[PDB]
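One chain comes next, on its own, written as structure tokens: the form deposited in one PDB entry.
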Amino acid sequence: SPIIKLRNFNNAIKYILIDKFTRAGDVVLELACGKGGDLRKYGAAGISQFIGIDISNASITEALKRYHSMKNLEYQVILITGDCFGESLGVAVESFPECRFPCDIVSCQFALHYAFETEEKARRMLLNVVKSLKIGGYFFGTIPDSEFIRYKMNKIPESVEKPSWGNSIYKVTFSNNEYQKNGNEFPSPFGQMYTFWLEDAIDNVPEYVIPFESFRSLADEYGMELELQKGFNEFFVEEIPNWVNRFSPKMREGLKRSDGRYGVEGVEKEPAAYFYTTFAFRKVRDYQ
């Protein structure tokens, strides 16, 4: 089905992205780790310690359930309930002294846009990231692509009170049309809400635009410089020649198109390959 193909494609993107930035022995902090479904990806890269934090105790309880049911992994796994975006990370990790900070990489998958609810939250998130990371370390992940959002919004007339687009498996519905009223520009980079539906995945949940230019300029303020901004389509097209034979048999077959090449085709292509982008930054200097 389209949704199964989308999940496999996005899982492949995460495999490639994690492998790109993680090295053997690294300590990884995963913000908004949800139910902790990427442990095997980090294990393949040879990490020494995974620290996952999520605001939901139901999610962490599930992540712990899932972790405890695995095997004799070669790495330590720490799973913590805490708010990675709205509060100092020190709050969440005070009672987990086994964490080894500063860490080598910070990851955040399909979640960092929640930090753009307000400027205060965006900045608190970035301060948490840089305080956690070694100089030279990387911050990477996957977000909705503001540039694709802007393209779709630029095709919506101002008469539409709640700008919306979608297909048989996903939909985006903006809370307001202030973008269109303001000359096709958001009135603020923060708090620009839209509800997101994805079949059997996200149940019409409010989230916020993450305008990439603002993310990048704020990250620079906190000492992080851009490493990667490729949309999922371009990232996959560039990385697939080196990855076809590295994927598991099941993931490779899942990516196989009707023409014998790899990727997504059919209705999942827009939400899987255009709606999201990769990001990465490197911490190049200390922040006072």
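When you see a residue number, it is the position in the sequence shown, counting from 1. We call the rigid core whatever largest set of C-alpha positions still superposes within 1.5 Å between the two forms.
A second form of this protein, the form deposited in another entry, is not displayed here; the remarks below concern that form.
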Identify which of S95, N182, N204, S88 has its C-alpha displaced by 2 Å or more between this form and the one not shown once the rigid core is superposed. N204
Superpose on the rigid core, then tell me if the C-alpha of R40 is displaced by 2 angstroms or more between this form and the one not shown. no
Using a superposition on the rigid core, decide whether the Cα position of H68 changes by 2 angstroms or more between this form and the one not shown. no
Since the Cα separation of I202 and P163 moves by 3 Å or more in that other deposited form, tell me which way: closer or farther than here. farther
Is the CA-CA spacing of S59 and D203 tighter or wider in that other deposited form than here, given a 3 Å or more change? closer
